[PDB]
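Same chain, two versions here, written out as structure tokens and called structure 1 and structure 2.
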Structure 1
């Protein structure tokens, strides 16, 4: 009975007041659901709860079957559209993981497993960052910064997305135009444009306008423009229910759309924000991660997340990665 995606969104915004935010819920939630796989006691429960698991309607396994389905429904780089999701386990040379954990990871999550010498911190980082970089076509370069020495295993998740718009924007239709960060801080940005039929929507409650711009394939970009002075209001009103409401509320309309060509990114240490969603234990020495290993002790040192997006007249490019680091002491 909680909106993890939007609860996390607000947490990240509150922590960075008037700065850009960007992340991949699927990446983080899938990572969390994987983590719960080798979690026990209350720690295994804060995660499921934090995800908004029904414990009845949805039963743990349904959660995994879902992500499993998602991973399976993935298609090869079609034409002008590509979405890939992967999971990887990097295990120290001298540690054993429980058969169940490893098995579930390979079966439900199609996870790769790479032996890693964590005694050589520099080498471990290179191996892992190179993999994440490789999987995100060079969009996420340095996921880990100072890999602890007690690092004995790192669980990684990545997401890559590239797609051309269903209908591009006329490259020559872009002009330098004013952008108001605040009514007083204004900066020039290349403003894209295109008059056409779009799925419009006017939410008078949250107080904002929503446009749906489809991609060549299955993925639509939703751009929310909160009315003057209401960004905070709509941010608070964001919810899974709202998104559903917005989705069928959508009716096509003749629109002369002006969108700025942009690029943003976010880096977050999730171990710092998740306890705001009730996910705290697993990140402490009080953690119960007995499902992952028997030489217990281990906890989650940090959970780094990184996401980037590029938006131009051709389409969009987006990727992100989540690195769950398990240490010994």
Structure 2
């Protein structure tokens, strides 16, 4: 698995830490990059994306993403999704019009000649570019920039959508969240009893619940059994996802989910090589589709994903202006409380987001 092996790579590199990235967005930038890559550099990228038998249609691959981008970029109401890619290339590097054209046309991405000789100027231009493309949601992508950089590739994505059903601000109270058995933090816990797509996975030992967004996206929160986080991570795979997308049944639940913001920032040139994509970062890189200039390669491939989660939804919890019972108070339903590290997916027909919430 491209996506899940990448998740494990990132996880292994930063134990006991939050992880968060966009799979679709990463595949998108790699395909886009293959547009100017040649020989073994290109082939490593395509196989990494996993590319059909007969090494068939790359243009079909670009068609898919091309359409996907369009659908993703079409506004709704209270749906905030900013995603994009850009290539910053040194002044020496003469660009190929066929590359620049394909990038803008197919992926809506830009290629900007840049003066990396002025490290501090380039960093600010890049950060300002992203701050604007994100309507201010991602303001300081790069934290440092080398003077010898030749080409910087940045991929960014910010997402915030209204729940299909809201969380009553009256159900939010501070509560303990156990990062570990001995590390505890107070967090504002939202709550709402309702019918949710539930799933008990005895194989991996974890509970999965689905919460739909006011649109076409649905959040999946995975709660491992006490001490089973590593096991679950070891079990993550596209197959498993398919499996889960079937076991899903409606179940009355009193859900307790934290209000939180989560982000991941990565230098993919330090992890992708372990997944088989290495030539593109070396001096032996083949980016002849991009320029005829020798000695060029991707100096840095940064990726930043940001997502905010809160009460806001489309409609308020309609009800029990029907609560019938002789009891003083109705009894509780099954309770699912995320007050220990959990995993989270945000999926449409693809996987927009994948991460591990260790500390809200």
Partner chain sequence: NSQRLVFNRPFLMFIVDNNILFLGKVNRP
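Under this definition, the rigid core comprises the largest set of C-alpha atoms superposing within 1.5 Å between the forms. Numbering follows the first chain given and starts at 1.
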{"property": "Of structures 1 and 2, the one that is the form solved in complex with the partner chain", "result": "1"}
{"property": "Comparing forms between the two structures after core superposition, the one residue of 202, 225, 93, 181 displaced by 2 Å or more at CA", "result": "93"}
{"property": "Threshold 2 Å Cα movement between the two structures at residue 192, rigid core reference", "result": "no"}
{"property": "Did residue 58 shift 2 Å or more between the two structures, C-alpha, core superposed", "result": "yes"}
{"property": "Threshold 2 Å Cα movement between the two structures for residue 105, core superposed", "result": "yes"}
{"property": "For residue 301, CA displacement between the two structures after the core is overlaid, in Å", "result": "0.6"}
{"property": "Displacement in Å of the C-alpha of residue 316 between the two structures, rigid core kept as reference", "result": "11.5"}
{"property": "Residue 125: CA movement between the two structures [superposed on rigid core, Å]", "result": "4.2"}
